[PDB]
Amino acid sequence: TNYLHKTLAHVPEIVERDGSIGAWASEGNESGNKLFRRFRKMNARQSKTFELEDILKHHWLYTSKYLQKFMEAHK
DNA sequence: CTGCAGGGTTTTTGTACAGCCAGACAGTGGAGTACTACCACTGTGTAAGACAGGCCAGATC
Ligand SMILES: [Ca+2]
């Protein structure tokens, strides 16, 4: 199998070269994609002409540091 | 024992010089900021009307 081959043959090379792996996890996008699941439910327009547009808007809004910083609010 | 009344007794309560400043009253000219109903759009539930086919009556096999 593939990943097995990667991990028994190719781990050391990349770990040597590009600093760190798992650092570049795809985990983030897929894992977070459940946000695209929920946003469609709650804040839809709704009409697919807009459904994207407003979903993307809310998403990026939820994504910037700035509002996350203001969400922490002194721990 | 009881009820009632002069005063006690301490607390509470308002009236009392005396000066100070927060807080409000008018309005001005309209911005403007908050509010309230369109509004474009389809997803979801709904229930009137097709309808068919199953059944009884008419009449038959
Ligand atoms: Ca995936």
# chains A, B, ... in the order shown; residues from 1 in each chain; ligands from 1
call {"tool": "residues_around", "arguments": {"residues": "range 19-33 of chain A", "least_positions_apart": "4", "cutoff": "12 Å", "atoms": "only C-alpha atoms (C1' of nucleotides)", "output": "list in words"}}
result
residues 7, 10, 11, 12, 13, 14, 15, 37, 38, 39, 40, 55, 56, 59, 62 and 63 of chain A
call {"tool": "interface_residues", "arguments": {"of": "chain B", "to": "chain A", "cutoff": "12 Å", "atoms": "only C-alpha atoms (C1' of nucleotides)", "output": "list in words"}}
result
residues 40, 41, 42 and 43 of chain B
call {"tool": "select_by_dssp", "arguments": {"residues": "range 37-66 of chain A", "states": "helix (DSSP H, G or I)", "output": "PyMOL selection string"}}
result
chain A and resi 37-42+48-63+65-66
call {"tool": "write_last_selection", "arguments": {"atoms": "N, CA, C and O atoms", "output": "compact mmCIF listing (two decimals), in the first residue's frame"}}
result
# COMPACT_ATOMS: atom_id res chain seq x y z
N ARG A 37 -20.53 22.69 6.25
CA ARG A 37 -21.77 21.98 6.52
C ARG A 37 -22.75 22.85 7.29
O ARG A 37 -23.90 23.03 6.88
N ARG A 38 -22.30 23.40 8.42
CA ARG A 38 -23.25 24.10 9.29
C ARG A 38 -23.70 25.44 8.71
O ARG A 38 -24.88 25.80 8.81
N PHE A 39 -22.76 26.21 8.16
CA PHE A 39 -23.10 27.52 7.61
C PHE A 39 -24.22 27.42 6.59
O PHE A 39 -25.11 28.28 6.55
N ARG A 40 -24.20 26.38 5.77
CA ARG A 40 -25.27 26.16 4.81
C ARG A 40 -26.61 26.05 5.50
O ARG A 40 -27.62 26.55 5.00
N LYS A 41 -26.65 25.37 6.64
CA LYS A 41 -27.89 25.26 7.39
C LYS A 41 -28.32 26.61 7.94
O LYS A 41 -29.38 27.13 7.59
N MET A 42 -27.49 27.21 8.79
CA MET A 42 -27.97 28.34 9.56
C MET A 42 -28.07 29.61 8.73
O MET A 42 -29.17 30.13 8.55
N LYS A 48 -28.67 29.42 -4.46
CA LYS A 48 -27.30 29.08 -4.78
C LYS A 48 -26.58 30.18 -5.54
O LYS A 48 -25.35 30.22 -5.53
N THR A 49 -27.33 31.08 -6.19
CA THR A 49 -26.73 32.30 -6.71
C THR A 49 -25.96 33.04 -5.63
O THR A 49 -24.84 33.51 -5.87
N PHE A 50 -26.52 33.12 -4.43
CA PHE A 50 -25.91 33.81 -3.31
C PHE A 50 -25.31 32.87 -2.28
O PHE A 50 -24.29 33.20 -1.67
N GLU A 51 -25.92 31.69 -2.10
CA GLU A 51 -25.58 30.76 -1.04
C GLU A 51 -24.07 30.66 -0.82
O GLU A 51 -23.57 30.84 0.30
N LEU A 52 -23.34 30.39 -1.89
CA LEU A 52 -21.89 30.51 -1.82
C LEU A 52 -21.48 31.86 -1.26
O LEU A 52 -20.96 31.94 -0.15
N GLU A 53 -21.80 32.94 -1.98
CA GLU A 53 -21.25 34.27 -1.67
C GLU A 53 -21.33 34.57 -0.18
O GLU A 53 -20.33 34.88 0.48
N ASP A 54 -22.53 34.42 0.39
CA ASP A 54 -22.66 34.74 1.81
C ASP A 54 -21.98 33.69 2.69
O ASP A 54 -21.42 34.06 3.73
N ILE A 55 -21.98 32.41 2.30
CA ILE A 55 -21.25 31.42 3.09
C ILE A 55 -19.77 31.76 3.15
O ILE A 55 -19.17 31.77 4.22
N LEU A 56 -19.17 32.00 1.99
CA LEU A 56 -17.77 32.40 1.93
C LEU A 56 -17.53 33.63 2.80
O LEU A 56 -16.52 33.72 3.50
N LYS A 57 -18.44 34.61 2.73
CA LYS A 57 -18.27 35.82 3.53
C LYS A 57 -18.19 35.47 5.01
O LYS A 57 -17.23 35.83 5.71
N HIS A 58 -19.20 34.75 5.50
CA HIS A 58 -19.22 34.37 6.91
C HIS A 58 -18.00 33.55 7.28
O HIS A 58 -17.45 33.70 8.37
N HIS A 59 -17.57 32.66 6.39
CA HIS A 59 -16.43 31.80 6.65
C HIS A 59 -15.18 32.63 6.87
O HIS A 59 -14.59 32.62 7.96
N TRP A 60 -14.76 33.37 5.83
CA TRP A 60 -13.57 34.19 5.95
C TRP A 60 -13.66 35.09 7.17
O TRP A 60 -12.67 35.32 7.86
N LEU A 61 -14.86 35.60 7.44
CA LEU A 61 -15.03 36.43 8.63
C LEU A 61 -14.67 35.65 9.88
O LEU A 61 -13.91 36.12 10.73
N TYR A 62 -15.19 34.43 9.99
CA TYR A 62 -14.87 33.55 11.10
C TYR A 62 -13.41 33.12 11.08
O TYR A 62 -12.95 32.52 12.06
N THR A 63 -12.67 33.44 10.03
CA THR A 63 -11.33 32.90 9.89
C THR A 63 -10.21 33.85 10.27
O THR A 63 -9.17 33.38 10.75
N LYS A 65 -7.57 36.25 12.05
CA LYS A 65 -7.08 36.38 13.42
C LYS A 65 -7.91 37.37 14.23
O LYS A 65 -8.38 37.04 15.32
N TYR A 66 -8.13 38.57 13.68
CA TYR A 66 -8.62 39.71 14.45
C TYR A 66 -9.78 39.37 15.38
O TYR A 66 -9.74 39.64 16.59
call {"tool": "atom_distance", "arguments": {"atom1": "CA of residue 6 in chain A", "atom2": "CA of residue 34 in chain A"}}
result
28.4 Å
call {"tool": "atom_distance", "arguments": {"atom1": "atom 1 (Ca, counted along the ligand's line) of ligand 1", "atom2": "CA of residue 68 in chain A"}}
result
25.6 Å
call {"tool": "atom_distance", "arguments": {"atom1": "CA of residue 73 in chain A", "atom2": "CA of residue 43 in chain A"}}
result
25.4 Å
